[PDB]
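Chains as they are written, first to last, in the authors' numbering: chain A, 1 to 227, 239 to 633, 655 to 752; chain B, 1 to 100; chain C, 227 to 300; chain D, 389 to 436; chain E, 1 to 155; chain F, 401 to 500; chain G, 701 to 743.
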Amino acid sequence: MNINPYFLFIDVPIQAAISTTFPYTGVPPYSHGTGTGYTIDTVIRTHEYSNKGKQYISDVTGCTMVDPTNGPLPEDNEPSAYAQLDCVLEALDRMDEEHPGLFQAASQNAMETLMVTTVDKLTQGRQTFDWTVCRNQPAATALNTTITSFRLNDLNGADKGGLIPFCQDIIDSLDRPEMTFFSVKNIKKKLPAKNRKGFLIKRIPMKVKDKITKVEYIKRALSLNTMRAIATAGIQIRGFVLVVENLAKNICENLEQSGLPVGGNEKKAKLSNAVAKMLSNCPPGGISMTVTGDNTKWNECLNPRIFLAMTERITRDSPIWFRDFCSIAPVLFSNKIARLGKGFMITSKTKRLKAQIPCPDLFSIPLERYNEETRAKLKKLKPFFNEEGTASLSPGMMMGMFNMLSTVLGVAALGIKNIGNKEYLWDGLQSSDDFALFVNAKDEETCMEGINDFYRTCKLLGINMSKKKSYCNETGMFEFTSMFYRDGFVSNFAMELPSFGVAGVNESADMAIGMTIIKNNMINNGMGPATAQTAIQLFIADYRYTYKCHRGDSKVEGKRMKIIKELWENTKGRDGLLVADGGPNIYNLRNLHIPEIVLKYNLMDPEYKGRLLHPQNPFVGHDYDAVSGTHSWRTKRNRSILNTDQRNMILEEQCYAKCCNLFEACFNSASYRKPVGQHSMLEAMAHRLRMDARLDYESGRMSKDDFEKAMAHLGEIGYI
Amino acid sequence: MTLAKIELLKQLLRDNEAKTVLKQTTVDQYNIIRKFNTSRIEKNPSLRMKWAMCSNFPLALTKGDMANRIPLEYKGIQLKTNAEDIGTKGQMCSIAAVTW
Amino acid sequence: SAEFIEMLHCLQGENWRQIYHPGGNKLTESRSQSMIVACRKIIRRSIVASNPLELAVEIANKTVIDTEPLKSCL
Amino acid sequence: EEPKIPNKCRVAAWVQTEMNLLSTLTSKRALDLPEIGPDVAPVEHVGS
Amino acid sequence: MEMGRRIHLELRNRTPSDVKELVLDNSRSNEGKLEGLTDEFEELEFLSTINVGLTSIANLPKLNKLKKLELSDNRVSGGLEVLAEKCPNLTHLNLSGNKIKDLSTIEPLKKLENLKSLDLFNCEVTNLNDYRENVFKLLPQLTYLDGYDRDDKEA
Amino acid sequence: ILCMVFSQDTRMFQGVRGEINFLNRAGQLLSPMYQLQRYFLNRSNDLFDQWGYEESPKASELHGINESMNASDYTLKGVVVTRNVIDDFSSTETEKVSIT
Amino acid sequence: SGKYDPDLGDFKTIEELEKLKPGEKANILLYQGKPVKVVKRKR
């Protein structure tokens, strides 16, 4: 009997059968390498779909620029980035007329939020491209480095605290003839280390001051570095994109078509409501069709100039300063420069050699030495390449940075609802990459005529529908963002599942975080009761393994398990003991939002309650919900190097190695005989030698003459 | 030999730099250089705590009468340490201590 | 409802709905609030078993609300 | 150096045997998960 | 070496009805047969045929006393129903290393009722889901198999 | 360690701290030389501590080694490590040898 | 019938106990450190 798993589809609808095909909503490790080649291909494709536009030379950054907007309309079904401004303006006009007082209110709310916001908001983000060092650093570190450089350059926006002064100082820094900043430089090492020679070589960083001309800083600020996001943007762009996205979110929240920022069962409600609404107003005897459309090269076709036009149209009645503030982001994106990453690698098999060619030296060697695909890619990329290992890139959107504005543009495309006053009405939903289109007509022929008209219209707006990944069927069954809807039933394609291990804070905190994660997964991603209970079981298993807190009545052995077993033997209320103390777990679906301390309080032993919740215990000392007890301990978090200046100047003197060598013998002869606790190493040596001489004389290793000589020298030391 | 170490220490003290570094730098500071010399930071918090718990004294401890109330040893099991720590500026306690 | 969102994880799902009602300091009809549920369980135990009459009367005669038989409370 | 694109291969008969055998019931089990609190709500009973 | 040489060595040039067992191993056969064993045989208990290149079972004396037979490392693939008409008194069957395609090949053993142990190792039929259960309900007379019916005993 | 024991240096004798009553797998009492060999090999850090230290071999290549065997200066009294190649054991005559 | 006899061998699993024949002696383990020696019986 040869199994055939696909045969399940015979007895089960495919929508349910393929539920949760991918356990991971993130990124796999085996995805096609996103290196210099991938970014080169991305820029090549971005410039390829817009090569019929206007090509010119930027007078600021001196880089090639391509502008496809208002360019010739496509004559082929291939992707096109030529979005006419008039069509976009008309679509925005239609949206505004349909929703009176929407753009004004959204712009007002966005500007008020910007006025009340603070620079600290910029720290909530993923890896950010720091320009001072030209790398990827955490948001907080990047913001701190930018602030320090601004202070060095007589720019103190962060001092005022507001975000508006910070962005004003950013755009002012874009005007300084020379920009001075701090940078980190690594220098080799010569300090001792015991492997076989008491000598090792490493890298130590130091802070230095570096200055850059105006054009260099201008190019650096617009740079987009690469680490399914393809690149990250520095700090000079973060505030403006934040404001523009807040505006777009304010607009979208009141757009019934927008599929964002819906999350949870609200998504299912929106899907079913849209289907029901479209079916209700279907013409008597007409036909309703549904397209699960997808967009190819979504972010490689949208143009920053079109986003600038959308921002200008939306904020047509708003203070001029806010209009400029909103416009600062699209103009920055329209001049974005991509960084190609590390570079390539070329090898010689005959001599068994290999080397890494960095981006600036990409063209330093004949193209014949690159494989076919890289040769062609470099040949095509030559015009859009800079001498500093960067590529000019005017068009494109390099994945998600204006997702809300993309959704707004898609909703505008969906809001036309008719072309030529034909016998079809279209509508649907769209969330920043994917759209579901519902069209009502008389016969399927007119429905497909309407679908064709919608395809042409979105082409006019620069949105390219995917013919190779889209299909149409009678309304009632479709998909929308990995969520299959079928005549009321709803299923998910990919659902994130709890990862192995505890959260990584502490016993009570880890338990609370795990339970709240399970609860959130149930609420949002739609995890069934049995799956949630199994997740609880797995989390308990992992927690017990990590904290070595198996059941008190178990037969396992461990350093902590002996005390756990003794406590279990001495305790009467064994149902009230916490899991961390080998007690029984009692968590279930109905009580996934209650801390275990509160759950078990009524069953705890009063003596155990006092010991556990002692107001002054030595462990606690000085989101999720838990109880502050003896299980809220803190782990030692102290590493790296402090006292950097003193340590560096000491290590750079000379005699440190001799001190280490003298220390090593005596204080390694025994595993631990160090009077540690801030004792000066000289004092510890004096005490150690005094004790060694005492022991030598007592055992007879030394005569009285050597004894007295040693004490004489020890007397001369100063600690005797 | 005690005398050999003594004479070597005197010879080293003849030089000013060695005398200064020995007078100022403490035994606690001696460990720090070795750490960065052959140690650095890690990631993956879930596994980080897994490694930390298996160690002897991963838990920070407060200073006070209650901290000293718990013993150093218990049925052949260590609980805390006497010598002061650098980072926390206080004692460090083993996981079992909490259970105690 | 403030008291309904907190439990939402156990109330509503993608394709199921749990009928749940809140509570809070509804004390006074203690004895009654007890007997009913106890009685309910008896029926739940008797309907499944064959010939529910004798089993139901047996369980009802041998049940005590913490001091007294269910018959007195009823 | 040129990229070693994956080769092209025909149907492998051992994958069918893998699927057939891995779906059989053996004489041993290797799963021991911890316990959960008592079930009260009907949804908990269904999940259990 | 040939089947005849093995027959002569085992019988030592005596009457056919003098040995209740045979060892036909490492013997070349004409087109994959078991020649050299005449139908005159009347008493036989154990059999052993390994590396004989037997491709089919069509030549075998009619018998009523054999209880064990051993076939291995052969490319035989065909119906075994003929065993019922030739010797429906088999108790130990060994097909380890043989070449059988699907379950249908082992069907004709249903009509035999005295079989208690059947061996099928590294057989193309052995790599299937519920092959153990499917064979069991297909041959109810079977009391043993590759060795793990319910316990472990030795032949 | 072995050259130390063989040399019969008075410091090696004065560095003993335990006891010498060991035997072999056959259960025989050995001569004091081999008993000391086994004692010192079992406890290497016995004569090393009290042997005494000597300044490093200040020179182009001659460099010292500490008690921990790391290529660290402040070497043992007498011991020297040269960054050259020592080639020895010439004239392998295989001279006549008797067997008791 | 007796006590731990390393000579007879290590502890025997239930699989070997079930296939054992009458009159044959085996070794079993109750818990850690308390082995015992048993013998099959017809009754």
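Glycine included, every Cβ here is placed at the ideal spot set by N, Cα and C.
Spatial neighbours of residue i within its chain, please: C-beta separation below 7 Å, excluding the five flanking residues on both sides.
| i | result |
| --- | --- |
| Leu102/A | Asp96, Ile262 and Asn265 |
| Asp18/E | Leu11 |
| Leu610/A | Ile597 and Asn602 |
| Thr46/A | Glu311, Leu404, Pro406 and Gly407 |
| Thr303/A | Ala447, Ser481, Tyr482, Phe489 and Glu490 |
| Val479/F | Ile465 |
May I ask you to list the residues that DSSP assigns as paired with residue i?
| i | result |
| --- | --- |
| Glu485/A | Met300/A |
| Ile682/A | For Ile682/A, which the question treats as bridged, DSSP gives no partner whatsoever. |
| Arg350/A | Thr401/A |
| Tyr144/E | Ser117/E |
| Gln441/A | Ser269/A and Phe446/A |
| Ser359/A | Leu364/A |
| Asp210/A | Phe181/A |
| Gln238/C | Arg243/C |
| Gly702/G | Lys737/G |
Kindly indicate which three-state DSSP category residue i falls into: helix, strand or coil?
| i | result |
| --- | --- |
| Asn670/A | coil |
| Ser56/E | coil |
| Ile430/A | coil |
| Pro626/A | coil |
| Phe22/A | strand |
| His745/A | helix |
| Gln710/A | coil |
| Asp616/A | coil |
| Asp85/B | coil |
| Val76/E | coil |
| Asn693/A | helix |
| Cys403/F | helix |
Within a Cβ cutoff of 8 Å, which residues of the same chain sit near residue i, ignoring the five residues on either side of it in sequence?
| i | result |
| --- | --- |
| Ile529/A | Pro509, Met538, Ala543, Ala546, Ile547, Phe550 and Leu603 |
| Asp710/G | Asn727 |
| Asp39/E | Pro61 and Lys62 |
| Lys80/B | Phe57, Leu61, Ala67, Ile70, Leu72, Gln91, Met92, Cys93, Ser94 and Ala97 |
| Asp586/A | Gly594, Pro595, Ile597, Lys611 and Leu614 |
| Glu455/A | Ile298 and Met300 |
Excluding the five sequence neighbours on either side, which residues of its own chain have a C-beta within less than 6 Å of the C-beta of residue i, listed in chain order?
| i | result |
| --- | --- |
| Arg6/E | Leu24 and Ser27 |
| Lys211/A | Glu178 and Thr180 |
| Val135/E | none |
| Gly78/E | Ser56 |
| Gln450/F | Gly415 |
Should residue i be listed as close to the ligand FMN, given that the test is whether its C-beta is under 7 Å from any heavy atom?
| i | result |
| --- | --- |
| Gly464/F | The ligand FMN is not part of the structure shown, which contains no ligands of any sort. |
For this session: Could you say if the region 18-31 of chain B and the region 45-56 of chain B meet the contact criterion of at least three C-beta pairs nearer than 8 Å?
Result: no
Exercise. Can you list, in chain order, the stretches of the beta strand (DSSP E) that have 3 or more residues and sit fully within the region 464-539 of chain A?
Worked result: 483-485, 488-490, 494-497 and 500-503
Exercise. Below 8 Å, can you find three or more Cβ-Cβ pairs linking the region 161-181 of chain A to the region 433-450 of chain F?
Worked result: no
For this session: Would you check if there are 3 or more beta carbon pairs closer than 8 Å linking the region 567-574 of chain A to the region 268-277 of chain C?
Result: no
Exercise. Which parts of the region 532-608 of chain A are runs of the alpha helix (DSSP H), unbroken and 4 residues or longer, counting only runs that do not cross its ends?
Worked result: 540-558 and 570-581
Exercise. At which residue ranges does the region 706-738 of chain G contain complete alpha helix (DSSP H) runs of 4 or more residues, listed in the order of the chain?
Worked result: 714-718
Problem set entry | Completely contained beta strand (DSSP E) runs for the region 1-63 of chain A, where each covers 3 or more residues | 54-57
Exercise. Is there contact here, the region 704-724 of chain G with the region 137-144 of chain E, by at least three beta-carbon pairs under 8 Å?
Worked result: no
Exercise. Does the region 56-76 of chain A touch the region 208-224 of chain A, meaning 3 or more C-beta pairs lie closer than 8 Å?
Worked result: yes
Problem set entry | Any 3 or more C-beta pairs closer than 8 Å across the region 144-161 of chain A and the region 193-204 of chain A | no
Problem set entry | Continuous alpha helix (DSSP H) assignments of at least 4 residues falling wholly in the region 412-484 of chain F | 432-442 and 447-451
Exercise. Is there contact here, the region 436-444 of chain A with the region 264-284 of chain A, by at least three beta-carbon pairs under 8 Å?
Worked result: yes
Exercise. On the three-pair Cβ rule with 8 Å, is the region 327-345 of chain A touching the region 12-29 of chain A?
Worked result: no
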